[PDB]
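Okay, so here's just one chain, in structure tokens, the form deposited in one PDB entry.
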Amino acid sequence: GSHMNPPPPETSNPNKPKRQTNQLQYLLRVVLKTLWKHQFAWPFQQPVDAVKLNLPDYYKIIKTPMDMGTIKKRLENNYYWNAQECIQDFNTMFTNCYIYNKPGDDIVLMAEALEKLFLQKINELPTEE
């Protein structure tokens, strides 16, 4: 896309060691699946396109971007070593939204609905085996 958007977060890197865990499997099959199909998922399914949105300050403010399209690729392409790395990606995505936008803006209400679901699912993250 535009040269004025940063490159997306890394989803491929052979030098980074990879592992499947049961918790990572749950993150894809339960957590990502649940949030991706939610009515309010669409703004979170790809990197913020600051050019298309006319938000030229977005990447001035948000220096650690994350989105569910990136997370989906990371899960499907086994990028992670553990569940904490992926959970941190989700939390980064939510916090970016809460930092950039005014409380009570529609996008914040959308994020909060996804976060409530996320929390419920992560409370049930299975014991690592």
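We number the residues from 1 along the sequence you see. Between two forms, the rigid core is defined as the largest C-alpha subset superposing within 1.5 Å.
Peer 1: Say the other structures are aligned on the rigid core; which stretch then has the higher CA RMS in 7 other deposited structures of this protein, 9 to 17 or 106 to 114?
Peer 2: Of 9 to 17 and 106 to 114, the stretch deviating more in 7 other deposited structures of this protein is 9 to 17.
Peer 1: Taking the mean of the C-alpha B-factors per stretch from the entry, tell me the winner out of 88 to 96 and 30 to 38.
Peer 2: On average, C-alpha B-factors are higher across 30 to 38.
Peer 1: Comparing against every modelled residue in the chain, figure out the third that the C-alpha B-factor of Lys60 lands in (lowest, middle or highest).
Peer 2: CA B-factor rank for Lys60: highest third.
Peer 1: Ranking the modelled residues of this chain by C-alpha B-factor as given in the entry, is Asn82 in the lowest, middle or highest third?
Peer 2: Ranked within chain, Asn82 CA B lands in the middle tercile.
Peer 1: Lowest, middle or highest third of the chain for the C-alpha temperature factor of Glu10?
Peer 2: It belongs to the highest third of the chain when residues are ordered by C-alpha B-factor.
Peer 1: Taking the values exactly as deposited, rank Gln23 by C-alpha B-factor within its chain and report the matching third: lowest, middle or highest.
Peer 2: CA B-factor rank for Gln23: lowest third.
Peer 1: With respect to C-alpha B-factor, does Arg74 fall in the lowest, middle or highest third of the chain as deposited?
Peer 2: For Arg74, whose C-alpha B-factor we compare with every modelled residue in the chain, the answer is the lowest third.
Absent from the display: the form solved in complex with a partner chain. The rest refers to it.
Peer 1: Is every one of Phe40, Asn101 and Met110 in contact with its partner chain in the entry with it bound, taking contact as a heavy atom within 4.5 Å?
Peer 2: Yes: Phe40, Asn101 and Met110 each sit within 4.5 Å of its partner chain in the entry with it bound.
Peer 1: Verify the contact flag for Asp106: yes if a non-hydrogen atom of it lies within 4.5 Å of a non-hydrogen atom of its partner chain in the entry with it bound, no if not.
Peer 2: It does: once its partner chain is placed as it appears in the entry with it bound, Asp106 has a heavy atom within 4.5 Å of it.
Peer 1: Can you work out whether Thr64 and its partner chain are in contact in the entry with it bound, taking contact to mean some heavy atom pair no more than 4.5 Å apart?
Peer 2: Contact check for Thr64: no, nothing within 4.5 Å of its partner chain in the entry with it bound.
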